[PDB]
Amino acid sequence: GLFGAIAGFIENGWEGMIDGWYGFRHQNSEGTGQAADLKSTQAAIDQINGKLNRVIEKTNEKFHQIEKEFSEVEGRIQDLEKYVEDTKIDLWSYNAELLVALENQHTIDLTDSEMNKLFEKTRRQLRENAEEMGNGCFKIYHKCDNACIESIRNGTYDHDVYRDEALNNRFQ
Amino acid sequence: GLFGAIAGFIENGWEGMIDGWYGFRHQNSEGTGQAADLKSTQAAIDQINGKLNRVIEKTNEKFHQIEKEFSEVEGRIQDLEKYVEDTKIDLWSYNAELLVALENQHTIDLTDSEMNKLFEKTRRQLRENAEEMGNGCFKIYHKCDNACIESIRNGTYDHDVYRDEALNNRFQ
Amino acid sequence: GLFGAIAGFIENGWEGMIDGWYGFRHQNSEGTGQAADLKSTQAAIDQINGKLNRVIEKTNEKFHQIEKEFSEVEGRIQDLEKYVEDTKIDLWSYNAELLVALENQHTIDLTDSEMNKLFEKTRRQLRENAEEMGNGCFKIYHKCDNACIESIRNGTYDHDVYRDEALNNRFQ
Amino acid sequence: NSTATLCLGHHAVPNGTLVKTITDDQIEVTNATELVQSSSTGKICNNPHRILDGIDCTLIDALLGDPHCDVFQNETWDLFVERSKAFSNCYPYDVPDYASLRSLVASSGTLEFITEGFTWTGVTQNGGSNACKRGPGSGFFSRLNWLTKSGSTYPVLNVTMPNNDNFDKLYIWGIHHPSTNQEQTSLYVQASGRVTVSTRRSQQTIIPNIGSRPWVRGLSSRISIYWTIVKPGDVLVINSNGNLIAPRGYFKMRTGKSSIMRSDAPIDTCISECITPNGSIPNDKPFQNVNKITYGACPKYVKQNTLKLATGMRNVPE
Amino acid sequence: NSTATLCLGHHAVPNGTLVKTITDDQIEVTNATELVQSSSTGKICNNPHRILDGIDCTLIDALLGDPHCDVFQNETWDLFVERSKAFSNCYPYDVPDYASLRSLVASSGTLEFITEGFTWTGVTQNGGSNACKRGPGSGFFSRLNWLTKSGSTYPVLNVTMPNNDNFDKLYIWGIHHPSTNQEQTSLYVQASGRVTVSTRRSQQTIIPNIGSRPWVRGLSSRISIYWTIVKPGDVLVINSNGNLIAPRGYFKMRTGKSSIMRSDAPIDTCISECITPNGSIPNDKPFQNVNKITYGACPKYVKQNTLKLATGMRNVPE
Amino acid sequence: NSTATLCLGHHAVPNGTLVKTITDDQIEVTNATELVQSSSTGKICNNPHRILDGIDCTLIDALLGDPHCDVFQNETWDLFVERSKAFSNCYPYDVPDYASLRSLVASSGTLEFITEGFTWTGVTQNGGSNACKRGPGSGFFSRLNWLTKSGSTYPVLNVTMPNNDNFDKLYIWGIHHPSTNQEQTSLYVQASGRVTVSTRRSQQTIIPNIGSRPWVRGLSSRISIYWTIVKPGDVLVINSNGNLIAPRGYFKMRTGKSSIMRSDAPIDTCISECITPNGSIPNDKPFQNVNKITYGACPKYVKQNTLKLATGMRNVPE
Ligand SMILES: *[C@@H]1O[C@H](CO)[C@@H](O[C@@H]2O[C@H](CO)[C@@H](O[C@@H]3O[C@H](CO[C@H]4O[C@H](CO)[C@@H](O)[C@H](O)[C@@H]4O)[C@@H](O)[C@H](O[C@H]4O[C@H](CO)[C@@H](O)[C@H](O)[C@@H]4O)[C@@H]3O)[C@H](O)[C@H]2NC(C)=O)[C@H](O)[C@H]1NC(C)=O
Ligand SMILES: *[C@@H]1O[C@H](CO)[C@@H](O[C@@H]2O[C@H](CO)[C@@H](O[C@@H]3O[C@H](CO[C@H]4O[C@H](CO)[C@@H](O)[C@H](O)[C@@H]4O)[C@@H](O)[C@H](O[C@H]4O[C@H](CO)[C@@H](O)[C@H](O)[C@@H]4O)[C@@H]3O)[C@H](O)[C@H]2NC(C)=O)[C@H](O)[C@H]1NC(C)=O
Ligand SMILES: *[C@@H]1O[C@H](CO)[C@@H](O[C@@H]2O[C@H](CO)[C@@H](O[C@@H]3O[C@H](CO[C@H]4O[C@H](CO)[C@@H](O)[C@H](O)[C@@H]4O)[C@@H](O)[C@H](O[C@H]4O[C@H](CO)[C@@H](O)[C@H](O)[C@@H]4O)[C@@H]3O)[C@H](O)[C@H]2NC(C)=O)[C@H](O)[C@H]1NC(C)=O
Ligand SMILES: *[C@@H]1O[C@H](CO)[C@@H](O[C@@H]2O[C@H](CO)[C@@H](O)[C@H](O)[C@H]2NC(C)=O)[C@H](O)[C@H]1NC(C)=O
Ligand SMILES: *[C@@H]1O[C@H](CO)[C@@H](O[C@@H]2O[C@H](CO)[C@@H](O)[C@H](O)[C@H]2NC(C)=O)[C@H](O)[C@H]1NC(C)=O
Ligand SMILES: *[C@@H]1O[C@H](CO)[C@@H](O[C@@H]2O[C@H](CO)[C@@H](O)[C@H](O)[C@H]2NC(C)=O)[C@H](O)[C@H]1NC(C)=O
Ligand SMILES: *[C@@H]1O[C@H](CO)[C@@H](O[C@@H]2O[C@H](CO)[C@@H](O)[C@H](O)[C@H]2NC(C)=O)[C@H](O)[C@H]1NC(C)=O
Ligand SMILES: *[C@@H]1O[C@H](CO)[C@@H](O[C@@H]2O[C@H](CO)[C@@H](O)[C@H](O)[C@H]2NC(C)=O)[C@H](O)[C@H]1NC(C)=O
Ligand SMILES: *[C@@H]1O[C@H](CO)[C@@H](O[C@@H]2O[C@H](CO)[C@@H](O)[C@H](O)[C@H]2NC(C)=O)[C@H](O)[C@H]1NC(C)=O
Ligand SMILES: *[C@@H]1O[C@H](CO)[C@@H](O)[C@H](O)[C@H]1NC(C)=O
Ligand SMILES: *[C@@H]1O[C@H](CO)[C@@H](O)[C@H](O)[C@H]1NC(C)=O
Ligand SMILES: *[C@@H]1O[C@H](CO)[C@@H](O)[C@H](O)[C@H]1NC(C)=O
Ligand SMILES: *[C@@H]1O[C@H](CO)[C@@H](O)[C@H](O)[C@H]1NC(C)=O
Ligand SMILES: *[C@@H]1O[C@H](CO)[C@@H](O)[C@H](O)[C@H]1NC(C)=O
Ligand SMILES: *[C@@H]1O[C@H](CO)[C@@H](O)[C@H](O)[C@H]1NC(C)=O
Ligand SMILES: *[C@@H]1O[C@H](CO)[C@@H](O)[C@H](O)[C@H]1NC(C)=O
Ligand SMILES: *[C@@H]1O[C@H](CO)[C@@H](O)[C@H](O)[C@H]1NC(C)=O
Ligand SMILES: *[C@@H]1O[C@H](CO)[C@@H](O)[C@H](O)[C@H]1NC(C)=O
């Protein structure tokens, strides 16, 4: 929510996306398509799984302790024991709350950061043949086929082949 | 302070701004103006009020406890009671410090993030008729009146009407 | 790691850099060079030193306490003392772990943010005479000497002197 | 001109507030809020709890039945307030395990006393002493009974009392430590006494200790005070052959929110939920720096004196 | 057309999960995980710890040697389970400092008892009582010895026992409080008794207390139970002239993981590492809301009932 | 060429350091710092605190006045160091509530003893015993007085002592438990003793216990040690008719930074502010893993052994 990609200039999510968490969707001169992006999906999944393994890892092992339930009324010692127990419980519940509160915020922020990173990388790939329309889509000013998009998806777009006709289409 | 908008490429704040937290200020062919932006102001205010309501919410209710002030010298039990009390106080003061330290950092960062989000949205609105001057201002390369700015303020700027004369003014 | 500069579109670090943490490296019409940037280096160093001084500052001072090692077997009171001691230790080790875990993440993120801030500032300086190549380098479309780069390094680049020939070199 | 200009910015104020962050220790923001309550009104307000002012009486004195503590009969409370000017004006006594009995009675919240019919055959009841004047003549505690010899003999007292109800019973009894060896045989003809109080799960036996002690209110003898708790279905038995301060009935035991607190602040007619010895404090802030002794829905005690939370952006003036 | 279009986006689901953050208290994500275990199977499983079911016996009864507790001889455990239907069916007794002895024996983990040869000259051993029937006749505890007078006299018992081994020894002894003053001189001819048990670093002396008490299982007398620990190199001495419940040997003391727990859940044949009075619970989650009394590698107890951790992005449906 | 090139970057090192973050457990940075101190020099340095080395004396031995503890008279300390080779070489004794007295004397910080003039009429003072040799002859503790019969009788001692000063007074007294019933009537003609020590707010009465005990340094009798605190304005009274170990004066009570610690590390001439039984450790790091027993401005004890804080950027080598 800090970078303004998810719930920002990206209006809403896609429910037809079942391969990965982030993907593309192109409208071409032959028909519509759809794909996924394994790189960002795996990055986000690895970070979230690392955090999960960090929190759920086991630490506690206690065998013999104090009495915590009493049946009669004695005095100073019993009052002190109940005080000790109650202090411990009240100090652990606060940690339990704060940890979850912090980690949810961080998880939301990192999942919002991956989307912006993917967008900025794609923008830097289409050097000066495309223009951003403000809602997440790019407008490309030359003619691609299904063999043009797959090159922007796996990092082999050669902008020096379409640069002149894009410059002629978008400035005149 | 992470995004570099407040105290970054924005030099200083405006003290003539009393409507909202973020706003515009235009210099036109008829005279100067000023306005505010309710969207970002309300977003930031809602987040800060939510955090405030999170921290100040009431949890403690204790009735009968141990003795914490003594008048004579007895021995083991009194020493143990003073130890218990002191441990509890020392463990709660640390939480009190850390909570405020973390929340101030997060609040500063989110108020710095809203400004960058507003700037980037405005940049995406003026698609290719404006150029950024690096200090927060935009330079528009066509002729607006007071009816042109109000459209960039409430999201109705139609860039296809001024695109040709802007392209002729900024490239030749 | 949130902004995608370090370990992102910047492949790897430079080991010939011993002046500062961030710097430039230009390839010109007369030969290669190298420099550093004191501004961002000092910003990052000041923030990290502030955090360090925050954590290592001294707070603890205790003189007389309870018995924590025993030689015989007595009963309720000794069990309660051992319970109190163990609870205190287990509650302080958790804080010790969480503090370091949070601060390392924040330090990595701020050192990644400074690099992106420097890059974006440099991009805003070369207004419309340069193009980003996607891997950290800028391509300038006019002819600089060693007196042209030093002006982009100390903030005196006047883009209105090279704008026409850059526009003629990069659009035709 | 053939162009325009549109600049963006934020707002600022002439004087901000200094707050602490993770890195910097003094940064300027446009606004902040305070999180530590550091003052009290000085008064103790009497809503919505029930406050009982122990003007000159301690709790044990009002329990045993001191003569000047006779308005605290059958009283109830939610918080007992003990002043520092309190004194005792009856027979000198002492309670082994004083804190246990004080915290046991305070946390119950009642002084309701039911009178039971004991039968002590062969002894003389209702003993008095000029150190505990009740009006114009001599007297004693109002909830205890001083048994002495009857004419020329003091038999072996053996009594029983069952508990057929469905609540606990609290019995207060005692023993009398004389001053000399002639004061013994002139009150209890046996040259040594003994007190045994028993249930089906416990027993307590006391032997008196003859000796001289400092003069307190005109006497050198003393009285030791013990207690017993009888649970439903059980049965109390008392056995003695000298030096017995007998009970007259039982107090009822309850469970809930009740406590005791030492303070000298006056009492007022406000509405407040947290009480400290310095007075009542509002509990709208999460932390507090007034006192570590509290009662009610209170904040938490911290060592710091000020903790400010930023509620605005960074202040960068012109 | 002479152009194209390439849009980016993320995935969404029809129904998400509500989680809490630093600012917002209810935000919708695509997935979450639960972190607080809030249920138990109801059974106590018997691996990999060693569970001993104290069906009708408490720990002190199985230690002293009650007649109906004769299957708990030389037993070992990792967790003793005390039921709520447990009762005693022998001579009425009472232990001063009961919790200390219970926690001392429970944390050792053995009832292994070695028999030592004591020599009490001038007295009659193996006393019985019809309140502790062992079969068809009268008996007593199995680890204690009731010494009475021999014919017409009761000499002064003085005995010693050294510790030449390399472990601690635990001795359990007692004293007999009679009912009347005629029951004294008919069992121990001296009109008053005394018991002194001493080491080279400690001493304990007890005097009996004659008196009437409530009838429990047909008697009004009682027995008080004391203990002593002898460390290597030391030596125990016992001195008495009446009212001595003598020991027969010593228990061995150990150190490790062992405890006691009150619960009424049945026992099963699973594998589980954490045990609560409600049963065994899995410990794959970091927190727990079942019980604050635990044994083994357990989670931690918190007051909350649900704490969800987000494991996905924010859900913004179409 | 007609163009140029300007690239930006950061710095890297050949070998970094591995740190933990919120998500990843092993990430490489260019530099880090250590936050847990895990070693000690082995010596105890003697500045800026005042260290007193209890070479062979425990605190109670140096308090009572043992013969080989006669250099610890009127001493003061900030931290008493008790070795493990310490032994006692005087009359065998025992202190009920030993830990209470040890922690009460240790936290005061003085052994300053003022001699008061008591008057015991009718008894013989300055008793000795060959188990506490002081030089070539028999002796006793240096701060206690052994009163025995004078010729053929032992009257009832009754003494008083007021407190007109403005500080507390600490009195140490005791009682003598004989071995047989003939050792009683040959030292105190009465066949039973009794000691009563009283103030205006308290009382303590002890009765001796005749019996045989293990031989320690050649005797089977013992001495029990009790204490009393007299506050300003009060008055102490002592009453007895046998078995009295009388005091000779009073210790002065103070309040401040003082404690006791068991350790065997030698003492050196450094400057250090934190002391552990393993020696003194520097306190420039916020945490510590040496010992949980500390004195002074120390770090805090944690279970971890290493915690590294990153002080640089991420290391991405060529
Ligand atoms: C064992 O040892 C103790 C210790 O000495 C003895 O006890 C003291 O016992 C005497 C016996 O009478 C006590 O004496 C009385 O003291 C009263 C205290 O008044 C004090 O307070 C006033 C101010 O309020 C001072 O001015 C005064 O000096 C005292 O400090 C006096 O008021 C009494 O006078 C009353 O009664 C007698 C008759 O008995 C009259 O003749 C007097 O005129 C006066 O009206 C009286 O003098 C003394 O207080 C005890 N001291 C302490 C510290 O307890 C035991 O007696 C002894 N036991 C045996 C068996 O001998
Ligand atoms: C000091 O004061 C105490 C208190 O009163 C006296 O003790 C009581 O002592 C009497 C003496 O015998 C006890 O009496 C016996 O009570 C038994 C209890 O049964 C009870 O339980 C049944 C149900 O289980 C009830 O129905 C019944 O009402 C009782 O509540 C009886 O079972 C006994 O009967 C047995 O023995 C006698 C012979 O001794 C036979 O004649 C009877 O038929 C019967 O078989 C017997 O009656 C009484 O229980 C004691 N009460 C308490 C509370 O302890 C002391 O005696 C006294 N000391 C002196 C020296 O006088
Ligand atoms: C009640 O029961 C107790 C327990 O048995 C009796 O006490 C023991 O009492 C005897 C009585 O003398 C004690 O005997 C003495 O033991 C000394 C201990 O030396 C021990 O240590 C050395 C090594 O240092 C060993 O070699 C030795 O075996 C012992 O273990 C001896 O040194 C004594 O010898 C001294 O004095 C006598 C004169 O009395 C001389 O004849 C000897 O030669 C020697 O010089 C002596 O033998 C014994 O130690 C006690 N044991 C314990 C464990 O306390 C009580 O006596 C009894 N009460 C009554 C009233 O009978
Ligand atoms: C990236 O995707 C493109 C899809 O267009 C792959 O290939 C083209 O590769 C096929 C394979 O023989 C050739 O026939 C086409 O002529 C190629 N077209 C272009 C425009 O290059 C390409 O191989 C993929 N690269 C990687 C690394 O996976
Ligand atoms: C946004 O602000 C503009 C201000 O220019 C509003 O309107 C123009 O609307 C008036 C209203 O009748 C017309 O007369 C003008 O011709 C409009 N000018 C242009 C350039 O459109 C507009 O209505 C506002 N929109 C919203 C949604 O508030
Ligand atoms: C920034 O660096 C430039 C390096 O080119 C400095 O100066 C030029 O300054 C020299 C100094 O006399 C002149 O001879 C050149 O003609 C200048 N060239 C240009 C293109 O301006 C400049 O002074 C530096 N500025 C600061 C503030 O340090
Ligand atoms: C609340 O009452 C307590 C009790 O008196 C005050 O505590 C003391 O402060 C004075 C002066 O600073 C010291 O001389 C005492 O030693 C303190 N007593 C303690 C700490 O038990 C406290 O200052 C009061 N608080 C306010 C805000 O009035
Ligand atoms: C686990 O067992 C404990 C012990 O009974 C249960 O605790 C009680 O809950 C009932 C009903 O809510 C209350 O009446 C009791 O007062 C509680 N006893 C306590 C708190 O000691 C507990 O509910 C059980 N937990 C589960 C999940 O079954
Ligand atoms: C500091 O001293 C303590 C006291 O001996 C040391 O503690 C022990 O470590 C040894 C060997 O690891 C164990 O056998 C003992 O059981 C430990 N005693 C305890 C934990 O009380 C400790 O290791 C020393 N620390 C250093 C750094 O030397
Ligand atoms: C401080 O702020 C208040 C309110 O904004 C203003 O009235 C006052 O003049 C300011 N004082 C100074 C010294 O800036
Ligand atoms: C600062 O915040 C408080 C509440 O947190 C508010 O009452 C006050 O008006 C704010 N200051 C200004 C100048 O608005
Ligand atoms: C106190 O209460 C008891 C029973 O509730 C009653 O018998 C008695 O008369 C009451 N005494 C007073 C003074 O109210
Ligand atoms: C909830 O989600 C499940 C699984 O995604 C789906 O089967 C179910 O139909 C959904 N129900 C509603 C009401 O959205
Ligand atoms: C949500 O996460 C859990 C594990 O955390 C996983 O088992 C489950 O499949 C996830 N939900 C979906 C719809 O994939
Ligand atoms: C208990 O153990 C002891 C020694 O280990 C042995 O002498 C005795 O016979 C055993 N008793 C039973 C019933 O196993
Ligand atoms: C480790 O770093 C040090 C200092 O930078 C350097 O001298 C050493 O050669 C390095 N060793 C390796 C194996 O990289
Ligand atoms: C790493 O940091 C420490 C202090 O934190 C410093 O002394 C050291 O020189 C640093 N390492 C390098 C290579 O500069
Ligand atoms: C100890 O101090 C007291 C009073 O301070 C003094 O009377 C006595 O002589 C001193 N003894 C020694 C050995 O210094």
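Shown for chain C, in order and in Swiss-Prot numbering: 346-517.
Quick check of the header: electron microscopy, 3.0 Å.
Using N, Cα and C of the backbone, Cβ positions are placed for all residues, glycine too.
In Swiss-Prot this protein carries:
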| type | residues | note |
| --- | --- | --- |
| DISULFID | C:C489-C:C493 | disulfide bond |
| CARBOHYD | C:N499 | N-linked glycosylation site |
Give me the Cα-Cα distance between C:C493 (disulfide bond) and the residue listed as 'N-linked glycosylation site', rounded to a whole Å. 11
Would you count the other C-beta atoms found within 10 angstroms of the C-beta of C:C493 (disulfide bond) for me? 19
Counting across all protein chains shown, how many other Cβ atoms sit within 10 Å of the Cβ of C:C489 (disulfide bond)? 22
As a whole number of Å, the Cα atom of C:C489 (disulfide bond) is distant from the Cα atom of C:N499 (N-linked glycosylation site) by 15
Kindly assign C:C493 (disulfide bond) to one of the three DSSP-derived states: helix, strand or coil. helix
Near C:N499 (N-linked glycosylation site), how many other Cβ atoms are within 10 Å of its Cβ? 9
For the residue listed as 'N-linked glycosylation site', what is the secondary structure by DSSP, using just helix, strand and coil? coil
